[PDB]
Every structure is written in C-alpha cells, then in structure tokens.
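J.: I am attaching a structure below and will ask some questions about it afterwards.
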Amino acid sequence: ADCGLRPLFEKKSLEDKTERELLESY
Amino acid sequence: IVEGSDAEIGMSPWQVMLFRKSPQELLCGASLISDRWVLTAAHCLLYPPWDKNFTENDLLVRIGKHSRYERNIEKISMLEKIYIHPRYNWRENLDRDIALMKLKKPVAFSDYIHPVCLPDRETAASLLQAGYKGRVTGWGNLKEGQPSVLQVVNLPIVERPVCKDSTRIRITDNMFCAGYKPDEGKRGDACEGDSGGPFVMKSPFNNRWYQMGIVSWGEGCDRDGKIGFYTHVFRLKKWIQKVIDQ
C-alpha cells in the first residue's frame with residue numbers, strides 16, 4: 001500500500017507550505 | 001482554481017491531466033489511484049449537452065506535469081478503457097459524477113508521480129466532518145485566465161443543511177460541498193476546467209493523503225454565498241471496487 005506518501009515531503013520528513021492549515025482545522 | 005496558490009514541486013504527485021487527443025486540448029483534472037487506475041468526474045467524459053461523449057481513443061492523460069515539457073519527469077498515457085458510473089445523473093443534478101479510466105500501460109512511480117489513497121470506513125467517518133479542511137488542486141480557470149502552474153487551495157467541509165440552502169439544484173448524499181462563508185475571511189473555490197480534480201485530506205492515523213472528493217459542480221466561481229460541490233468518493237467506493245475487480 002504505497003499511497004498518499006509524497007516522496008518530496010512525507011518521505012523526506014518535510015511539510016508543504018499549507019498542510020498545517022488542514023491539521024489546524026481538525 | 002480561484003484565489004489559491006501555485007503548487008510546490010511534488011506537492012500533488014497524484015495529479016493527472018485529461019487531454020483531448022486531437023486537437024490537443026486540456027479537458028479536466030483527474031487523479032492517480034494506482035499505477036494504472038485514474039479517477040475523474042463522469043461529466044468530463046460524458047455530457048451530451050456540451051457534445052462530450054468521448055471514446056478511449058479520443059483522449060490521453062498526462063501525469064507528473066509541472067507546467068502548461070519536462071522530458072524525463074512527466075508521463076503521457078493512452079487509455080485502455082473508460083467506465084462511467086451507471087447511475088450518473090447528467091440530465092438533472094450531476095448525481096454520482098464519477099468515472100474510472102484504465103491506462104494502457106501502468107506508470108512507474110517517481111518523485112513526481114505517486115498514487116493518492118482511497119478512504120476506508122473509519123478514515124472517512126473521522127475526517128468527513130463539517131469545519132475540517134481539505135485541498136483542491138487544478139489547472140482550471142483562475143476566475144469565472146488559466147495558470148501555467150498547478151494551483152491549490154484548502155477549503156473547509158460545509159454542513160449538509162447549509163450546502164442545501166446555498167443552491168436550488170437538488171443535491172444528493174453522493175455529493176458534499178466545501179468552501180468559506182463570506183463571514184469567514186478566506187476565499188477560494190474550484191472552477192471550470194477543474195472538474196475531475198481531487199479534493200484531498202491528510203490522515204493523522206498514518207500521515208497519508210486520501211481523496212475524499214472529486215471536483216464536480218458549482219454556480220459561478222468563488223461567489224459569496226455559493227459553495228463548490230464535490231462527488232462523495234467514499235459513498236461510491238463499492239462501485240469503484242466492482243469496476244476494478246471487474
């Protein structure tokens with residue numbers, strides 16, 4: 001199940017510029 | 001996409017572009033769900049009133065494209081077969097606006113190409129709640145022109161009663177709406193050209209992105225009081241399974 005894990009982000013333990021907005025909404 | 005921003009390289013590796021083969025023409029968004037299965041809105045392939053009734057050989061799909069040619073990064077695939085939901089209501093309200101396209105050749109994953117996940121029952125229950133925000137991406141209209149870079153915007157899922165009240169069109173349990181209310185302070189919305197594009201959410205249970213919606217319809221774009229509608233992917237997964245498991 002190799003899905004939803006971005007090589008340049010999740011895989012490199014890096015977060016994109018806006019994904020925290022999603023976490024905040026939870 | 002209206003009132004959003006440029007996507008970062010590799011930010012949406014599951015992003016897929018549906019093109020009309022000849023004359024070359026971008027039609028809609030879509031998303032990679034495996035190395036050979038792509039999701040999109042039925043209306044992108046079948047909508048008679050706009051003279052859209054495509055055959056598999058009528059189109060192609062582009063994957064991993066960062067601009068409107070990366071010789072070694074993006075992939076160009078032909079389609080093996082199209083599958084439009086049997087109960088897709090195109091004459092009335094676009095009920096069950098979903099479709100699957102199977103590529104002729106599976107594509108190799110990379111830094112710029114990888115599949116988004118499809119929701120399971122507990123992921124959906126937990127994530128699909130009013131106020132929670134998701135993400136829309138697309139190469140569509142910037143206003144009711146088009147970008148040279150994939151656009152993105154995060155929008156909050158809206159309460160059913162409120163979605164219903166925002167429009168006269170008959171909405172179904174097979175759709176959901178997301179967007180900011182004029183009293184909320186932020187803007188954004190999908191627009192023409194963005195149909196088929198994914199509306200995704202990141203799960204804390206495992207830090208993976210899940211596609212909860214498909215860009216389907218709206219009235220105008222980023223209009224105050226209006227809210228964009230999306231195909232409720234999870235409520236249609238069994239059809240997805242049926243098709244895939246042929």
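Chains: A, B, ... in order of the structure tokens. Residues: from 1 per chain. Ligands: from 1, in order shown.
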Would you return as a compact mmCIF listing (two decimals) with N, CA, C and O atoms, in the first residue's frame the members of stretch 3-246 of chain B that DSSP assigns to helix (DSSP H, G or I) on this structure's backbone?

T.:
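Below is the file selection_8.txt, written as the result:
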# COMPACT_ATOMS: atom_id res chain seq x y z
N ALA B 42 -17.46 12.00 -14.14
CA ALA B 42 -18.12 11.46 -15.32
C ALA B 42 -18.37 12.56 -16.34
O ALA B 42 -18.07 12.38 -17.53
N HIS B 43 -18.84 13.72 -15.89
CA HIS B 43 -19.14 14.82 -16.81
C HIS B 43 -17.97 15.28 -17.66
O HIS B 43 -18.15 15.97 -18.67
N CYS B 44 -16.76 14.88 -17.27
CA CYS B 44 -15.58 15.22 -18.03
C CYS B 44 -15.52 14.39 -19.31
O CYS B 44 -14.94 14.81 -20.31
N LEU B 45 -16.12 13.20 -19.28
CA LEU B 45 -16.12 12.31 -20.43
C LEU B 45 -17.49 12.15 -21.08
O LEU B 45 -17.58 11.83 -22.27
N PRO B 48 -23.56 15.02 -22.98
CA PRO B 48 -24.14 15.28 -24.31
C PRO B 48 -24.43 16.73 -24.64
O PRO B 48 -24.11 17.18 -25.74
N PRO B 49 -25.02 17.47 -23.71
CA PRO B 49 -25.32 18.88 -23.98
C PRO B 49 -24.12 19.74 -24.40
O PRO B 49 -24.31 20.81 -25.01
N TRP B 50 -22.91 19.31 -24.07
CA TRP B 50 -21.72 20.08 -24.44
C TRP B 50 -21.00 19.27 -25.49
O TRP B 50 -19.85 19.54 -25.81
N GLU B 56 -12.31 5.96 -25.61
CA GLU B 56 -10.99 5.84 -25.02
C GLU B 56 -9.92 6.37 -25.95
O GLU B 56 -8.98 7.02 -25.51
N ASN B 57 -10.07 6.13 -27.25
CA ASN B 57 -9.08 6.58 -28.21
C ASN B 57 -9.15 8.07 -28.49
O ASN B 57 -8.31 8.60 -29.19
N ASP B 58 -10.14 8.73 -27.92
CA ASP B 58 -10.31 10.16 -28.12
C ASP B 58 -9.42 10.98 -27.24
O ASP B 58 -9.19 12.16 -27.51
N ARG B 121 -13.56 3.04 5.77
CA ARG B 121 -14.67 3.48 6.60
C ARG B 121 -14.32 4.32 7.84
O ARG B 121 -14.96 5.34 8.08
N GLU B 122 -13.32 3.93 8.64
CA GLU B 122 -13.05 4.77 9.81
C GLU B 122 -12.33 6.06 9.41
O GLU B 122 -12.54 7.10 10.04
N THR B 123 -11.51 6.03 8.37
CA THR B 123 -10.82 7.25 7.92
C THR B 123 -11.87 8.29 7.51
O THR B 123 -11.77 9.48 7.84
N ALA B 124 -12.87 7.83 6.76
CA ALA B 124 -13.92 8.72 6.28
C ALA B 124 -14.77 9.29 7.41
O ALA B 124 -15.01 10.49 7.47
N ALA B 125 -15.23 8.43 8.30
CA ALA B 125 -16.06 8.88 9.39
C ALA B 125 -15.37 9.99 10.12
O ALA B 125 -15.92 11.07 10.30
N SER B 126 -14.14 9.73 10.52
CA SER B 126 -13.36 10.69 11.26
C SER B 126 -13.01 11.98 10.52
O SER B 126 -13.13 13.08 11.08
N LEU B 127 -12.59 11.86 9.26
CA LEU B 127 -12.18 13.04 8.52
C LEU B 127 -13.31 13.86 7.92
O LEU B 127 -13.22 15.08 7.84
N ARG B 160 -24.19 19.85 5.63
CA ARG B 160 -25.20 19.48 4.63
C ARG B 160 -26.34 20.48 4.55
O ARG B 160 -26.67 20.99 3.47
N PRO B 161 -26.99 20.76 5.69
CA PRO B 161 -28.09 21.73 5.65
C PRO B 161 -27.68 23.05 5.03
O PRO B 161 -28.46 23.67 4.32
N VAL B 162 -26.44 23.49 5.28
CA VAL B 162 -26.01 24.75 4.72
C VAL B 162 -25.75 24.66 3.21
O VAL B 162 -26.03 25.60 2.46
N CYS B 163 -25.20 23.53 2.77
CA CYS B 163 -24.92 23.31 1.36
C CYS B 163 -26.24 23.37 0.59
O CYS B 163 -26.36 24.02 -0.46
N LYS B 164 -27.24 22.68 1.14
CA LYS B 164 -28.55 22.63 0.50
C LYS B 164 -29.12 24.00 0.34
O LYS B 164 -29.63 24.33 -0.73
N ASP B 165 -29.01 24.80 1.39
CA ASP B 165 -29.54 26.16 1.39
C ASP B 165 -28.82 27.11 0.45
O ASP B 165 -29.35 28.16 0.10
N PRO B 182 -18.89 33.87 3.32
CA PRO B 182 -18.41 35.25 3.28
C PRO B 182 -18.02 35.83 4.63
O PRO B 182 -17.22 36.74 4.67
N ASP B 183 -18.58 35.33 5.73
CA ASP B 183 -18.23 35.88 7.05
C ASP B 183 -16.99 35.21 7.64
O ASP B 183 -16.58 35.51 8.76
N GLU B 184 -16.38 34.31 6.87
CA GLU B 184 -15.22 33.58 7.34
C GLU B 184 -13.85 34.22 7.12
O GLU B 184 -12.90 33.84 7.79
N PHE B 234 -16.09 8.23 -1.14
CA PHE B 234 -16.32 7.06 -0.28
C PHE B 234 -17.65 6.34 -0.47
O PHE B 234 -17.69 5.10 -0.49
N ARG B 235 -18.74 7.09 -0.60
CA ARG B 235 -20.07 6.51 -0.78
C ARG B 235 -20.20 5.79 -2.14
O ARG B 235 -21.20 5.11 -2.40
N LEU B 236 -19.17 5.94 -2.97
CA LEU B 236 -19.16 5.33 -4.29
C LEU B 236 -18.02 4.33 -4.50
O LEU B 236 -17.80 3.83 -5.60
N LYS B 237 -17.31 4.02 -3.42
CA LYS B 237 -16.16 3.12 -3.47
C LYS B 237 -16.53 1.69 -3.88
O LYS B 237 -15.77 1.02 -4.59
N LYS B 238 -17.69 1.23 -3.46
CA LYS B 238 -18.09 -0.12 -3.81
C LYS B 238 -18.23 -0.25 -5.33
O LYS B 238 -17.94 -1.31 -5.89
N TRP B 239 -18.65 0.83 -6.00
CA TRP B 239 -18.78 0.82 -7.45
C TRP B 239 -17.37 0.78 -8.01
O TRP B 239 -17.10 0.14 -9.03
N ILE B 240 -16.48 1.50 -7.33
CA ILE B 240 -15.09 1.55 -7.74
C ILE B 240 -14.52 0.13 -7.65
O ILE B 240 -13.87 -0.35 -8.58
N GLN B 241 -14.79 -0.54 -6.54
CA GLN B 241 -14.30 -1.90 -6.35
C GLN B 241 -14.87 -2.81 -7.42
O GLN B 241 -14.14 -3.58 -8.06
N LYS B 242 -16.19 -2.72 -7.63
CA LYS B 242 -16.85 -3.54 -8.64
C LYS B 242 -16.14 -3.41 -9.98
O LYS B 242 -15.71 -4.39 -10.57
N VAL B 243 -16.01 -2.17 -10.44
CA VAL B 243 -15.36 -1.93 -11.70
C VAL B 243 -13.94 -2.51 -11.75
O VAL B 243 -13.63 -3.32 -12.62
N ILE B 244 -13.10 -2.08 -10.82
CA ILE B 244 -11.71 -2.51 -10.76
C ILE B 244 -11.57 -4.02 -10.70
O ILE B 244 -10.81 -4.61 -11.47

J.: Pull out every residue of chain A that has at least one atom within 7 Å of chain B, counting only C-alpha atoms, and report them as a PyMOL selection string.

T.: chain A and resi 3-8+22+25-26

J.: I need the residues from that last selection saved to file as a compact mmCIF listing (two decimals), in the first residue's frame (with C-alpha atoms), if you can.

T.:
# COMPACT_ATOMS: atom_id res chain seq x y z
CA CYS A 3 -0.16 5.60 -1.43
CA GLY A 4 -0.59 9.11 -0.10
CA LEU A 5 3.09 9.48 0.84
CA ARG A 6 4.83 12.09 -1.22
CA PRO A 7 8.48 11.41 -1.98
CA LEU A 8 9.49 15.07 -1.66
CA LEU A 22 -5.52 21.11 7.40
CA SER A 25 -8.87 22.51 11.15
CA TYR A 26 -9.02 19.15 12.90

J.: Which value, in Å to one decimal, gives the distance between atom CA of residue B:60 and atom CA of residue B:78?

T.: 4.8 Å

J.: Report as a list in words all protein, DNA and RNA residues lying within 6 Å of residue B:36, evaluated on only C-alpha atoms, omitting residues in the same chain fewer than 6 positions from it.

T.: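 Counting only C-alpha atoms, the residues come to residues 102, 103 and 106 of chain B.
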
J.: Please, could you write that set of residues out with N, CA, C and O atoms as an mmCIF file, in the first residue's frame?

T.:
data_model
loop_
_atom_site.group_PDB
_atom_site.id
_atom_site.type_symbol
_atom_site.label_atom_id
_atom_site.label_comp_id
_atom_site.auth_asym_id
_atom_site.auth_seq_id
_atom_site.Cartn_x
_atom_site.Cartn_y
_atom_site.Cartn_z
ATOM 1 N N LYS B 102 -8.721 3.368 -17.231
ATOM 2 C CA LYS B 102 -7.642 2.429 -17.054
ATOM 3 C C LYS B 102 -6.637 2.716 -18.143
ATOM 4 O O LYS B 102 -6.992 2.763 -19.323
ATOM 5 N N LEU B 103 -5.387 2.935 -17.741
ATOM 6 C CA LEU B 103 -4.306 3.239 -18.682
ATOM 7 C C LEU B 103 -3.830 2.002 -19.440
ATOM 8 O O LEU B 103 -3.906 0.888 -18.926
ATOM 9 N N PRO B 106 0.718 0.606 -17.250
ATOM 10 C CA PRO B 106 0.854 1.118 -15.885
ATOM 11 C C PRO B 106 2.008 2.123 -15.887
ATOM 12 O O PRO B 106 2.918 2.019 -16.699
#

J.: If you measure from atom CA of residue B:76 to atom CA of residue B:105, what distance in Å do you get, rounded to one decimal?

T.: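 Distance reported for this atom pair: 10.0 Å.
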
J.: Extract the full set of strand (DSSP E or B) residues from stretch 171-217 of chain B according to DSSP on the backbone, and format it as an NGL selection string.

T.: :B and (175-178 or 189 or 198-203 or 208-217)

J.: Store the residues of this selection in a file with N, CA and C atoms, as an mmCIF file, in the first residue's frame.

T.:
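Once everything was written out, this is again18.cif:
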data_model
loop_
_atom_site.group_PDB
_atom_site.id
_atom_site.type_symbol
_atom_site.label_atom_id
_atom_site.label_comp_id
_atom_site.auth_asym_id
_atom_site.auth_seq_id
_atom_site.Cartn_x
_atom_site.Cartn_y
_atom_site.Cartn_z
ATOM 1 N N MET B 175 -22.870 13.765 -2.874
ATOM 2 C CA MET B 175 -22.073 14.962 -3.067
ATOM 3 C C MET B 175 -21.821 15.601 -1.709
ATOM 4 N N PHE B 176 -20.914 16.569 -1.683
ATOM 5 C CA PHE B 176 -20.685 17.331 -0.469
ATOM 6 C C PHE B 176 -20.134 18.648 -0.969
ATOM 7 N N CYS B 177 -20.242 19.687 -0.153
ATOM 8 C CA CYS B 177 -19.698 20.972 -0.551
ATOM 9 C C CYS B 177 -18.633 21.451 0.466
ATOM 10 N N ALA B 178 -17.709 22.252 -0.039
ATOM 11 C CA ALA B 178 -16.613 22.785 0.744
ATOM 12 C C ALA B 178 -16.308 24.167 0.252
ATOM 13 N N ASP B 189 -12.033 28.454 -4.425
ATOM 14 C CA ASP B 189 -13.015 27.517 -4.951
ATOM 15 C C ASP B 189 -12.467 26.902 -6.245
ATOM 16 N N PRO B 198 -8.877 16.164 -7.710
ATOM 17 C CA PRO B 198 -9.085 15.649 -6.351
ATOM 18 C C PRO B 198 -9.238 16.693 -5.249
ATOM 19 N N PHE B 199 -9.989 16.324 -4.215
ATOM 20 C CA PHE B 199 -10.188 17.156 -3.022
ATOM 21 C C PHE B 199 -9.650 16.164 -2.013
ATOM 22 N N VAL B 200 -8.471 16.473 -1.474
ATOM 23 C CA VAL B 200 -7.799 15.572 -0.549
ATOM 24 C C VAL B 200 -7.674 16.016 0.893
ATOM 25 N N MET B 201 -7.453 15.025 1.749
ATOM 26 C CA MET B 201 -7.284 15.225 3.186
ATOM 27 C C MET B 201 -6.168 14.318 3.742
ATOM 28 N N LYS B 202 -5.359 14.877 4.641
ATOM 29 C CA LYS B 202 -4.254 14.134 5.241
ATOM 30 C C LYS B 202 -4.679 13.499 6.556
ATOM 31 N N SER B 203 -4.454 12.188 6.681
ATOM 32 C CA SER B 203 -4.826 11.418 7.879
ATOM 33 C C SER B 203 -3.719 11.295 8.922
ATOM 34 N N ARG B 208 -0.933 9.924 5.712
ATOM 35 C CA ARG B 208 -1.169 9.701 4.262
ATOM 36 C C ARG B 208 -2.313 10.564 3.709
ATOM 37 N N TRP B 209 -2.204 10.963 2.456
ATOM 38 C CA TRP B 209 -3.263 11.756 1.845
ATOM 39 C C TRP B 209 -4.340 10.835 1.246
ATOM 40 N N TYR B 210 -5.606 11.188 1.469
ATOM 41 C CA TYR B 210 -6.758 10.423 0.980
ATOM 42 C C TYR B 210 -7.669 11.302 0.105
ATOM 43 N N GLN B 211 -8.161 10.766 -0.999
ATOM 44 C CA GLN B 211 -9.031 11.568 -1.837
ATOM 45 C C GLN B 211 -10.472 11.350 -1.359
ATOM 46 N N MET B 212 -11.078 12.409 -0.833
ATOM 47 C CA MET B 212 -12.432 12.331 -0.299
ATOM 48 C C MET B 212 -13.456 12.845 -1.275
ATOM 49 N N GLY B 213 -13.010 13.633 -2.244
ATOM 50 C CA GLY B 213 -13.930 14.184 -3.215
ATOM 51 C C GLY B 213 -13.363 14.382 -4.602
ATOM 52 N N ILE B 214 -14.267 14.584 -5.566
ATOM 53 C CA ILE B 214 -13.851 14.865 -6.929
ATOM 54 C C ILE B 214 -14.558 16.176 -7.288
ATOM 55 N N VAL B 215 -13.840 17.101 -7.925
ATOM 56 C CA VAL B 215 -14.451 18.383 -8.323
ATOM 57 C C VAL B 215 -15.586 18.112 -9.360
ATOM 58 N N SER B 216 -16.825 18.451 -8.999
ATOM 59 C CA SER B 216 -17.990 18.186 -9.845
ATOM 60 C C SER B 216 -18.728 19.425 -10.348
ATOM 61 N N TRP B 217 -19.274 20.230 -9.450
ATOM 62 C CA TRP B 217 -20.007 21.405 -9.914
ATOM 63 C C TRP B 217 -20.045 22.593 -8.962
#
